[PDB]
4 protein chains.
Amino acid sequence: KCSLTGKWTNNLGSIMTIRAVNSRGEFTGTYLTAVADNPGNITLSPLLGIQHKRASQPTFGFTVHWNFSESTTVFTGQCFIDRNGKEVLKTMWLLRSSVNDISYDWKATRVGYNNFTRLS
Amino acid sequence: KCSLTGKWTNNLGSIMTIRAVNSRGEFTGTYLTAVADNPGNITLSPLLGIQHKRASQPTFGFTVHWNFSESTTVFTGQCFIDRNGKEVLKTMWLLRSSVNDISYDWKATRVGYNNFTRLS
Amino acid sequence: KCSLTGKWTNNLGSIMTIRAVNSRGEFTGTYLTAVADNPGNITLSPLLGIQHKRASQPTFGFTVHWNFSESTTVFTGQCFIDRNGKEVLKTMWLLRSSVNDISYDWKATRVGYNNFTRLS
Amino acid sequence: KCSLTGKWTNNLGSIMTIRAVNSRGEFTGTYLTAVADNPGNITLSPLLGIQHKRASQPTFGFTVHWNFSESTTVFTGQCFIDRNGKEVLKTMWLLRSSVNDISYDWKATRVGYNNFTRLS
Ligand SMILES: O=C(O)CCCC[C@@H]1SC[C@@H]2NC(=O)N[C@@H]21
Ligand SMILES: O=C(O)CCCC[C@@H]1SC[C@@H]2NC(=O)N[C@@H]21
Ligand SMILES: O=C(O)CCCC[C@@H]1SC[C@@H]2NC(=O)N[C@@H]21
Ligand SMILES: O=C(O)CCCC[C@@H]1SC[C@@H]2NC(=O)N[C@@H]21
Ligand SMILES: *[C@@H]1O[C@H](CO)[C@@H](O)[C@H](O)[C@H]1NC(C)=O
Ligand SMILES: *[C@@H]1O[C@H](CO)[C@@H](O)[C@H](O)[C@H]1NC(C)=O
Ligand SMILES: *[C@@H]1O[C@H](CO)[C@@H](O)[C@H](O)[C@H]1NC(C)=O
Ligand SMILES: *[C@@H]1O[C@H](CO)[C@@H](O)[C@H](O)[C@H]1NC(C)=O
Ligand SMILES: *[C@@H]1O[C@H](CO)[C@@H](O)[C@H](O)[C@H]1NC(C)=O
Ligand SMILES: *[C@@H]1O[C@H](CO)[C@@H](O)[C@H](O)[C@H]1NC(C)=O
Ligand SMILES: *[C@@H]1O[C@H](CO)[C@@H](O)[C@H](O)[C@H]1NC(C)=O
Ligand SMILES: *[C@@H]1O[C@H](CO)[C@@H](O)[C@H](O)[C@H]1NC(C)=O
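- For this coordinate set, the PDB header names X-ray crystallography as the determination method and states a resolution of 1.70 Å.

Structural data, given as structure tokens:
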């Protein structure tokens with residue numbers, strides 16, 4: 001089994017902590033990004049998500065509410081286990097910027113990927 | 001002020017209901033999709049997300065844990081208000097499928113958009 | 001049969017003109033975007049793409065080499081025809097910005113959608 | 001400088017050849033994917049794209065017309081050079097499937113990433 005609970009780092013150097021996953025697969029956590037539009041502003045930021053509970057290699061999603069900008073990121077992915085019991089989170093994300101009005105909506109969404117492994 | 005609490009529909013005919021947004025911008029809800037890989041299986045499914053609280057046109061994200069498949073979707077976007085006080089959510093999404101192992105990860109993520117307006 | 005040759009506009013007000021499609025499904029064209037990072041710089045820009053030839057509702061892709069910035073956009077989608085012979089292109093796109101070095105790669109890709117209908 | 005001309009492999013094991021880039025940045029090539037929806041059907045497939053010509057680390061895009069399915073993929077990205085002169089293509093892609101009619105359009109687009117390095 002592949003619980004999200006724990007500490008994780010990604011390929012950019014970001015650090016994420018996921019707390020207890022409840023019986024509905026819901027979880028809270030924190031996220032310290034290594035990169036940002038204005039990296040001097042970075043602070044620890046909250047996340048909230050849901051994973052599938054029963055699956056051995058569950059899919060999941062979470063939202064990061066950045067505390068230092070008007071942006072939001074969502075991540076979705078799957079937790080995989082090796083033959084050796086090593087876990088990897090393979091994810092993709094959408095990063096939504098705040099724009100002034102609906103005419104700028106077209107430019108407000110960035111896309112990318114991240115792989116996470118456990119810190120311990 | 002552009003608020004998420006209430007009932008919404010999107011351009012595909014899906015319905016979502018978001019409950020009270022707390023002081024941290026967190027919300028729960030339910031999502032009834034009009035479409036699926038197997039539309040005969042569709043059931044009402046829970047969501048969990050976060051919005052920015054203070055912005056008049058906030059960005060937000062949420063995760064939908066589909067109750068009828070192993071997939072997960074995340075939505076992110078922004079709530080816009082026009083002259084008349086009419087609200088629209090402009091969103092993009094990632095839909096993560098469950099695959100058997102990490103060698104299939106490349107095909108596991110679909111992307112799309114949705115616009116939502118209030119229902120009743 | 002759903003063909004790409006001709007003039008089109010999308011939901012943002014951009015105009016594109018596609019020339020003759022050859023026997024391999026290749027086409028050239030021009031693209032006039034209604035929006036940009038710096039809309040004061042916009043100029044008419046070339047495109048190059050490929051469609052499937054034999055399908056009645058073909059999928060296709062094309063690249064737009066913006067003549068006024070260091071960015072590139074790719075569009076992919078499908079041409080649909082309804083009962084009346086009315087054609088619509090449903091597309092998604094990736095807009096790649098130029099960044100200074102590989103450490104900024106994570107922020108370099110925006111995503112979005114466009115629907116196109118014929119002009120004249 | 002970072003010409004696309006040459007042979008490249010990606011992180012999935014796919015092989016791509018890009019032929020001469022003309023004075024407008026346009027190029028043809030071939031692509032042998034290591035993976036597919038139906039990998040038993042895979043055959044060598046054509047691509048067509050454009051890169052920026054003058055930039056030392058150009059952005060670019062290309063379209064792959066798959067010869068063995070009704071799908072199309074577009075790739076966009078940037079060519080980066082190391083301090084040692086080693087080139088890497090960092091890309092993202094959209095893979096468009098053919099669907100029967102417009103009501104299924106929502107499910108027709110997959111997204112992902114690939115990094116390429118030179119074969120020689
Ligand atoms: O720049 C901002 O306003 C908020 C921080 C965004 C950080 C993004 S989220 C996707 C990518 N993966 C990370 O670990 N960090 C970046
Ligand atoms: O097919 C599944 O396994 C779960 C349902 C997926 C529904 C998607 S989520 C994105 C798009 N927007 C909708 O309202 N429904 C579809
Ligand atoms: O801003 C730039 O540097 C180049 C212009 C980008 C225009 C984008 S491409 C996607 C979207 N669809 C359009 O018709 N225009 C925008
Ligand atoms: O499955 C198909 O019908 C066509 C082949 C798709 C292969 C995709 S394109 C994106 C990804 N990167 C690759 O090198 N191959 C896959
Ligand atoms: C991400 O994956 C790459 C390629 O497998 C690997 O080299 C790297 O260690 C991974 N990063 C993390 C934090 O897991
Ligand atoms: C973020 O960075 C910008 C540019 O330095 C600064 O002016 C702004 O006040 C910062 N905002 C926050 C929330 O830290
Ligand atoms: C979505 O936007 C379209 C295009 O503007 C509009 O016609 C429609 O009313 C919107 N649909 C919903 C359900 O909000
Ligand atoms: C969904 O649909 C498939 C195909 O009809 C069916 O076999 C399966 O049992 C259904 N799964 C669930 C959990 O609803
Ligand atoms: C795009 O689709 C919308 C929503 O159906 C429609 O109202 C509009 O006519 C289309 N726009 C263009 C320019 O094709
Ligand atoms: C585009 O706009 C910027 C900002 O106004 C300007 O400085 C620059 O010269 C322009 N670039 C080109 C090549 O059009
Ligand atoms: C892709 O990048 C990863 C991480 O840097 C690297 O280990 C791998 O060798 C690269 N693959 C190719 C084909 O360049
Ligand atoms: C692709 O694979 C399927 C499933 O094996 C097969 O039935 C079909 O004929 C193949 N199509 C092509 C174009 O090779």
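### Structural notes on the overall build of chain A
Working step 1: The secondary structure content of chain A amounts to zero helices and eight strands.
Working step 2: Listed N to C, the secondary structure of chain A is β-β-β-β-β-β-β-β in terms of helices and strands.
Working step 3: Relative to its length of 120 residues, chain A is compact, with a C-alpha radius of gyration of 15 Å against a globular reference of 14 Å.
Working step 4: The C-alpha extent of chain A, read off along each of the three principal axes, is 50 × 25 × 25 Å.
Working step 5: Sequence separation of 24 or more characterises 38% of the internal contacts of chain A that already satisfy a separation of 6 or more.

### Examining the interface of chain D and chain C
Accessible area lost on assembly of the parts is the figure often given for the size of an interface.
Working step 1: Taken together, the contact between chain D and chain C spans 42 residues of the former and 42 residues of the latter.
Working step 2: Summed over both partners, the interface of chain D with chain C buries about 3300 Å², with 65% contributed by carbon and sulfur atoms.
Working step 3: A per-residue breakdown of the area chain D buries against chain C is headed by D:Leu48, D:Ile50 and D:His52, which together make up 18% of the total.
Working step 4: Counting every contact that joins chain D to chain C gives zero salt bridges.
Working step 5: Where chain D meets chain C, there are 17 residue pairs in polar contact.
Working step 6: Secondary structure elements with two or more residues in the side of chain D that touches chain C: strand 4 (45–51), strand 5 (59–65), strand 6 (72–81) and strand 7 (87–96) of chain D.
Working step 7: No other element matches the seven residues that strand 6 of chain D contributes to the side of chain D that touches chain C.
Working step 8: For the side of chain D that touches chain C, the per-class residue count stands at 17 nonpolar, 18 polar and seven charged.

### A word on the relation of the copies chain B and chain A
Working step 1: With an RMSD of 0.3 Å, the fit of chain B onto chain A corresponds to turning through 180 degrees and sliding 0.0 Å along the axis. What we have between these two chains is a two-fold relation. The C-alpha atom lying nearest the rotation axis in chain B is that of B:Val74; the distance is 3.1 Å.
Working step 2: With an isologous cut-off of 70% or more, the 100% of interface residues of chain B that recur at the interface of chain A puts this contact in the isologous class.

### Overview of the site of ligand 11
Residue and element names in this part refer to chain D.
Working step 1: Around ligand 11, the neighbouring residues are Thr9, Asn10, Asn11, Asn115, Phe116 and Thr117.
Working step 2: Contact between ligand 11 and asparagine 115: an oxygen atom at 2.4 Å from a side-chain N or O atom of the residue.
Working step 3: Summarising the interface, the protein chains cover 39% of the accessible area of ligand 11, which totals 360 Å² for the free molecule.
Working step 4: Element by element, the count of residues in the shell around ligand 11 is highest for strand 8 (residues 109–118), at three residues.
Working step 5: Taken together, the residues of the shell around ligand 11 sort by class into one nonpolar, five polar and no charged.

### As for the side chain of A:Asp105
Working step 1: Relative to the helices and strands, A:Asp105 resides in the loop between strand 7 (87–96) and strand 8 (109–118).
Working step 2: By relative accessible area, which is 13% here, A:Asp105 ends up buried.
Working step 3: Excluding residues within four positions of it along the chain, A:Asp105 makes contact with A:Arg96, A:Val99, B:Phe80 and B:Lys90.

### Considering the site of ligand 10
Residues and elements named next belong to chain C.
Working step 1: The environment of ligand 10 is made up of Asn38, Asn41 and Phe68.
Working step 2: Here an oxygen atom of ligand 10 and a side-chain polar atom of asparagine 41 are 2.4 Å apart.
Working step 3: For ligand 10, whose free accessible area comes to 370 Å², the fraction covered by protein is 30%.

### Comments concerning the state of the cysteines
Residues and elements named next belong to chain A.
Working step 1: Tallying each qualifying case throughout the model produces four disulfides over all chains.
Working step 2: Between the sulfur of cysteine 2 and that of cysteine 79 lies a disulfide, 2.1 Å long from S to S. In this structure the cystine formed by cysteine 2 and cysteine 79 twists about its S-S bond by roughly -70 degrees; its chirality is therefore left-handed. Note that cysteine 2 is positioned in the segment before strand 1 (6–10) and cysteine 79 in strand 6 (residues 72–81), a separation of 77 residues in sequence.

Analysis parameters
- Residues numbered from 1 in each chain as written, not as in the entry; some residues may be left out.
- Chains lettered and ligands numbered in written order.
- Heavy atoms only, no water.
- Residues with missing side-chain atoms left out of burial classes, pairs and counts.
- Helix = DSSP H or I, 4+ residues; strand = E, 2+ residues; numbered from the N terminus.
- Rg over C-alpha atoms; globule rule 2.2 N^0.38 Å.
- Contact = heavy atoms within 4.5 Å.
- Buried area = accessible area lost by both parts, 1.4 Å probe.
- Salt bridge = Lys/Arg side-chain N within 4 Å of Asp/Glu carboxyl O.
- Polar contact = N/O pair within 3.5 Å; in protein donor to acceptor, adjacent residues only side chain to side chain.
- Nonpolar A, V, L, I, M, F, W, Y, C, P; charged D, E, K, R; others polar.
- Least-squares fit on C-alpha atoms.
- Near = heavy atom within 4 Å.
- Areas by Shrake-Rupley, 256 points an atom, 1.4 Å probe, with all protein chains shown as cover.
- Buried < 20%, exposed > 50% of the residue type's maximum accessible area, 1.4 Å probe, protein only.
- Disulfide = S-S within 2.5 Å.

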